[PDB]
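These notes are about the structure you will find just below.
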Amino acid sequence: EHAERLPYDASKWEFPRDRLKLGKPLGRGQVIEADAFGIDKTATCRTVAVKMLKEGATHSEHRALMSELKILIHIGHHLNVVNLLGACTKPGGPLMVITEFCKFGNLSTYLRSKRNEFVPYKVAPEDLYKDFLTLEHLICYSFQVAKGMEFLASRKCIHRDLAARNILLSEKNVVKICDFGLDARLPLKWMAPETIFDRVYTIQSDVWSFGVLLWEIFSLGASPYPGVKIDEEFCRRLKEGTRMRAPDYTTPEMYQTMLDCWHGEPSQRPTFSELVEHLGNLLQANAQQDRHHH
Ligand SMILES: COc1cc2nccc(Oc3ccc4c(c3)OCCN4C(=O)Nc3ccc(Cl)cc3)c2cc1OC
């Protein structure tokens, strides 16, 4: 609330505009691809994503972007939350928020591009499945998002719109939680019943959304509630207990976890801490099935 007015450690986040080389747009504020000169002590040059205010934006829009920067600063650093690298706030140019760049984009679109490049486990010679996704990949992604959400929860922050479209995939299969801040998106399909009917958002409603995210992950980017009209009867049957069927690439345990996240009673849903532990076990157990190289 009014985060745009929180203290700002310029010495820690301010970055010289001239050490930035803005490139092509990635989407539209508006995110642009760019090159940064020595923004971190890990490389003198690095690709980054920059979010900046459009031309002549309202004061209200200016507060909104500044509020987002303050929230990111407040949340802090975590491997599974898009990393804030710096910002350009001082006079001389536009307000700019700089984050790490995630090469592969949103997880939803990416997964759909791998529909014909997936197998539960690779079989030697593995070169036949080069760059293919496997159950280990999918469980690993689920596990990383759970850890990111567990982190946000510990910062007392509620995402409010946890979906695969808000998950970014970087290199080496590392995923980052983000928010493009968005209708044709049918956001209601990720909303918990209490949120739909009472407009209440809580870390427990986020867990419900996490369940839909798992369904998306294990359906390889399919659209939630396939072909179902999202009208009043939908909300009615949803509150009555109607749930999605198990997606194509799920495992028995992952589907049960989805069902657990979709519990009618918010308080009966698992917590992200319990999800991190549980998903960590499923990952370890999955590896136990792939023993060719032991
Ligand atoms: C190559 O394809 C893309 C790769 C990208 N890699 C990194 C970042 C990208 O854009 C974003 C995405 C989200 C946010 C952002 C920039 O700037 C800061 C705000 N933001 C957030 O995620 N904010 C945020 C994060 C967590 C919480 Cl809890 C609240 C707000 C990208 C956009 C792409 O093309 C689409």
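Residues are named by chain letter and number: chains run A, B, ... in the order of the structure tokens, numbers start at 1 in each chain, and ligands are numbered from 1 in the order shown.
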
With 6 Å as the cut-off and only C-alpha atoms and all ligand atoms counted, what is the closest atom pair between each nearby residue of chain A and ligand 1? Distances in Å to one decimal, ordered by chain and number, as CSV.
residue,atom,partner,partner_atom_place_in_ligand_line,distance
A:26,CA,ligand 1,34 (O),4.2
A:27,CA,ligand 1,35 (C),5.2
A:31,CA,ligand 1,10 (O),5.5
A:49,CA,ligand 1,8 (C),5.0
A:51,CA,ligand 1,17 (O),5.1
A:97,CA,ligand 1,18 (C),6.0
A:99,CA,ligand 1,8 (C),6.0
A:100,CA,ligand 1,7 (C),5.5
A:101,CA,ligand 1,6 (N),3.9
A:102,CA,ligand 1,6 (N),3.6
A:103,CA,ligand 1,1 (C),4.9
A:104,CA,ligand 1,1 (C),5.4
A:105,CA,ligand 1,2 (O),3.8
A:159,CA,ligand 1,28 (Cl),4.8
A:178,CA,ligand 1,22 (O),3.2
A:179,CA,ligand 1,22 (O),3.8
A:180,CA,ligand 1,13 (C),4.8

Report task. Please provide the set of residues having any atom within 12 Å of residue 193 of chain A, restricted to only C-alpha atoms, with same-chain residues fewer than 5 positions apart removed, written as a list in words. Result ->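 Listing them by chain and then by number gives residues 188, 198, 199, 200, 201, 202, 204, 205, 206, 208, 209, 234, 235, 236, 237, 238, 239, 240, 241, 242, 243, 262, 263, 264, 265 and 266 of chain A.
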
Query - Nearest-residue call for residue 96 of chain A, choices A:183, A:126, A:274, A:14, using only C-alpha atoms - result: A:14

Query raised in the report: Skipping near chain neighbours, those fewer than 2 positions away, what residues fall within 7 Å of residue 283 of chain A using only C-alpha atoms, listed as a VMD selection string?
Result: chain A and resid 136 139 to 140 279 to 281 285 to 287

Prev. selection, C-alpha atoms, output as a short mmCIF file (atom, residue, chain, number, x, y, z; two decimals), in the first residue's frame:
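Dumped to again-v5.cif:
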data_model
loop_
_atom_site.label_atom_id
_atom_site.label_comp_id
_atom_site.auth_asym_id
_atom_site.auth_seq_id
_atom_site.Cartn_x
_atom_site.Cartn_y
_atom_site.Cartn_z
CA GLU A 136 12.30 -35.15 -13.92
CA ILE A 139 8.78 -32.28 -11.32
CA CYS A 140 11.86 -30.05 -11.05
CA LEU A 279 7.67 -32.22 -4.28
CA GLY A 280 11.29 -32.64 -3.18
CA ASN A 281 10.47 -36.22 -2.27
CA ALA A 285 11.84 -40.77 -5.91
CA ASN A 286 11.53 -40.18 -9.65
CA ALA A 287 15.32 -40.37 -9.96
#

Report summary line: If you count only C-alpha atoms, the residue of A:32, A:65, A:125, A:82 closest to residue 293 of chain A turns out to be A:125

With 12 Å as the cut-off and only C-alpha atoms counted, what is the closest atom pair between each nearby residue of segment 70-136 of chain A and segment 216-221 of chain A? Distances in Å to one decimal, ordered by chain and number, as JSON lines.
{"residue": "A:106", "atom": "CA", "partner": "A:221", "partner_atom": "CA", "distance": 10.2}
{"residue": "A:107", "atom": "CA", "partner": "A:221", "partner_atom": "CA", "distance": 7.6}
{"residue": "A:108", "atom": "CA", "partner": "A:221", "partner_atom": "CA", "distance": 4.6}
{"residue": "A:109", "atom": "CA", "partner": "A:221", "partner_atom": "CA", "distance": 6.5}
{"residue": "A:110", "atom": "CA", "partner": "A:221", "partner_atom": "CA", "distance": 7.6}
{"residue": "A:111", "atom": "CA", "partner": "A:220", "partner_atom": "CA", "distance": 4.9}
{"residue": "A:112", "atom": "CA", "partner": "A:221", "partner_atom": "CA", "distance": 4.9}
{"residue": "A:113", "atom": "CA", "partner": "A:220", "partner_atom": "CA", "distance": 8.5}
{"residue": "A:114", "atom": "CA", "partner": "A:220", "partner_atom": "CA", "distance": 7.4}
{"residue": "A:115", "atom": "CA", "partner": "A:220", "partner_atom": "CA", "distance": 6.6}
{"residue": "A:116", "atom": "CA", "partner": "A:220", "partner_atom": "CA", "distance": 10.2}
{"residue": "A:117", "atom": "CA", "partner": "A:220", "partner_atom": "CA", "distance": 10.4}
{"residue": "A:118", "atom": "CA", "partner": "A:220", "partner_atom": "CA", "distance": 9.1}
{"residue": "A:119", "atom": "CA", "partner": "A:220", "partner_atom": "CA", "distance": 11.7}
{"residue": "A:120", "atom": "CA", "partner": "A:218", "partner_atom": "CA", "distance": 11.2}
{"residue": "A:133", "atom": "CA", "partner": "A:220", "partner_atom": "CA", "distance": 9.7}
{"residue": "A:134", "atom": "CA", "partner": "A:218", "partner_atom": "CA", "distance": 10.5}
{"residue": "A:135", "atom": "CA", "partner": "A:218", "partner_atom": "CA", "distance": 8.7}
{"residue": "A:136", "atom": "CA", "partner": "A:218", "partner_atom": "CA", "distance": 11.3}

Report task. Assign secondary structure with DSSP using the backbone only, and return the residues of segment 1-247 of chain A in helix (DSSP H, G or I) as JSON, numbers by chain. Result -> {"A": [3, 4, 5, 10, 11, 12, 13, 17, 18, 19, 59, 60, 61, 62, 63, 64, 65, 66, 67, 68, 69, 70, 71, 72, 73, 74, 75, 107, 108, 109, 110, 111, 112, 126, 127, 128, 129, 135, 136, 137, 138, 139, 140, 141, 142, 143, 144, 145, 146, 147, 148, 149, 150, 151, 152, 153, 154, 164, 165, 166, 187, 188, 189, 190, 193, 194, 195, 196, 197, 198, 203, 204, 205, 206, 207, 208, 209, 210, 211, 212, 213, 214, 215, 216, 217, 232, 233, 234, 235, 236, 237, 238, 239]}

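Among A:33, A:158, A:224, A:232, the residue with the shortest atom-to-atom distance to residue 244 of chain A, counting only C-alpha atoms, is A:224.
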
Query raised in the report: atom CA of residue 192 of chain A to atom CA of residue 141 of chain A: how many Å, to one decimal?
Result: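 Atom CA of residue 192 of chain A sits 22.0 Å away from atom CA of residue 141 of chain A.
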
**Report entry** Selected residue, from A:292, A:268, A:261, A:230, that lies nearest to residue 196 of chain A when counting only C-alpha atoms
**Finding:**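 When distances to residue 196 of chain A are compared using only C-alpha atoms, the smallest one comes from A:230.
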
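Near residue 2 of chain A, within 9 Å and counting only C-alpha atoms, sit residues 63, 64 and 67 of chain A; same-chain residues fewer than 6 positions away were not included.
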
Report task. Tell me which protein, DNA and RNA residues are within 12 Å of residue 272 of chain A, counting only C-alpha atoms, leaving out same-chain ones fewer than 2 positions away, and put them as a PyMOL selection string. Result -> chain A and resi 142-154+203-211+257+260-261+269-270+274-280

With N, CA and C atoms kept, could you save the residues just selected as a compact mmCIF listing (two decimals), in the first residue's frame?
# COMPACT_ATOMS: atom_id res chain seq x y z
N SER A 142 8.05 -27.83 -10.99
CA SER A 142 7.02 -27.76 -9.96
C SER A 142 7.67 -27.49 -8.61
N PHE A 143 8.78 -28.18 -8.36
CA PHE A 143 9.54 -28.04 -7.13
C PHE A 143 10.13 -26.63 -6.98
N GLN A 144 10.62 -26.07 -8.08
CA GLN A 144 11.21 -24.73 -8.02
C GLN A 144 10.18 -23.64 -7.77
N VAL A 145 9.00 -23.78 -8.36
CA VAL A 145 7.98 -22.77 -8.16
C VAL A 145 7.49 -22.83 -6.72
N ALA A 146 7.37 -24.04 -6.19
CA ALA A 146 6.92 -24.21 -4.81
C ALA A 146 7.90 -23.50 -3.88
N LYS A 147 9.20 -23.64 -4.14
CA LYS A 147 10.21 -22.99 -3.31
C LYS A 147 10.17 -21.47 -3.45
N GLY A 148 9.81 -20.99 -4.64
CA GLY A 148 9.72 -19.56 -4.86
C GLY A 148 8.52 -19.03 -4.10
N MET A 149 7.40 -19.74 -4.18
CA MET A 149 6.20 -19.33 -3.48
C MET A 149 6.39 -19.44 -1.97
N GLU A 150 7.11 -20.46 -1.52
CA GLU A 150 7.36 -20.59 -0.09
C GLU A 150 8.11 -19.33 0.36
N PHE A 151 9.00 -18.85 -0.50
CA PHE A 151 9.78 -17.67 -0.18
C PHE A 151 8.90 -16.42 -0.13
N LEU A 152 8.06 -16.23 -1.14
CA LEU A 152 7.18 -15.08 -1.16
C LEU A 152 6.31 -15.08 0.09
N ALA A 153 5.76 -16.24 0.44
CA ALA A 153 4.92 -16.33 1.63
C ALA A 153 5.68 -15.84 2.86
N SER A 154 6.95 -16.24 2.99
CA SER A 154 7.75 -15.83 4.14
C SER A 154 8.05 -14.32 4.13
N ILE A 203 -2.57 -16.50 0.90
CA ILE A 203 -1.53 -17.42 0.49
C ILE A 203 -2.16 -18.78 0.19
N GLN A 204 -3.31 -19.07 0.81
CA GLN A 204 -3.99 -20.34 0.59
C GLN A 204 -4.76 -20.35 -0.71
N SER A 205 -5.11 -19.17 -1.23
CA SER A 205 -5.81 -19.14 -2.50
C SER A 205 -4.71 -19.29 -3.55
N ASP A 206 -3.51 -18.82 -3.22
CA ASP A 206 -2.35 -18.94 -4.10
C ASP A 206 -2.00 -20.43 -4.26
N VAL A 207 -2.17 -21.21 -3.20
CA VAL A 207 -1.88 -22.63 -3.26
C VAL A 207 -2.87 -23.27 -4.23
N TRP A 208 -4.10 -22.77 -4.24
CA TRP A 208 -5.10 -23.30 -5.16
C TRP A 208 -4.58 -23.05 -6.57
N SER A 209 -4.11 -21.82 -6.83
CA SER A 209 -3.60 -21.47 -8.15
C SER A 209 -2.41 -22.35 -8.50
N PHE A 210 -1.60 -22.68 -7.50
CA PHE A 210 -0.44 -23.54 -7.71
C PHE A 210 -0.91 -24.89 -8.25
N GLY A 211 -2.10 -25.32 -7.84
CA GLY A 211 -2.64 -26.58 -8.29
C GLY A 211 -2.94 -26.53 -9.77
N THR A 257 -1.71 -34.44 -5.52
CA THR A 257 -1.25 -33.17 -4.94
C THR A 257 -2.10 -32.04 -5.50
N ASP A 260 -5.16 -32.02 -3.71
CA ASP A 260 -4.94 -31.49 -2.37
C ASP A 260 -4.94 -29.97 -2.41
N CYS A 261 -4.33 -29.39 -3.44
CA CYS A 261 -4.29 -27.95 -3.54
C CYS A 261 -5.67 -27.37 -3.83
N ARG A 269 -5.85 -27.00 2.73
CA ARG A 269 -4.91 -27.08 1.63
C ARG A 269 -3.50 -27.14 2.20
N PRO A 270 -2.58 -27.79 1.48
CA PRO A 270 -1.23 -27.83 2.02
C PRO A 270 -0.60 -26.44 1.94
N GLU A 274 4.94 -27.38 2.96
CA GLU A 274 4.64 -28.80 2.84
C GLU A 274 4.80 -29.24 1.38
N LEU A 275 4.51 -28.34 0.45
CA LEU A 275 4.64 -28.64 -0.98
C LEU A 275 6.11 -28.76 -1.39
N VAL A 276 6.96 -27.92 -0.81
CA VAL A 276 8.39 -27.98 -1.12
C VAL A 276 8.94 -29.33 -0.67
N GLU A 277 8.59 -29.73 0.55
CA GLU A 277 9.05 -31.00 1.08
C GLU A 277 8.50 -32.16 0.24
N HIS A 278 7.20 -32.14 -0.03
CA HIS A 278 6.58 -33.21 -0.78
C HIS A 278 7.10 -33.33 -2.21
N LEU A 279 7.19 -32.20 -2.91
CA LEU A 279 7.67 -32.22 -4.28
C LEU A 279 9.15 -32.63 -4.31
N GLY A 280 9.89 -32.27 -3.26
CA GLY A 280 11.29 -32.64 -3.18
C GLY A 280 11.43 -34.15 -3.08

Report summary line: One decimal place gives the atom CA of residue 25 of chain A-atom CA of residue 62 of chain A separation as 19.5 Å

Query - Secondary structure check, strand (DSSP E or B) residues of segment 148-206 of chain A, as a ChimeraX atom specification - result: /A:167-169,175-177
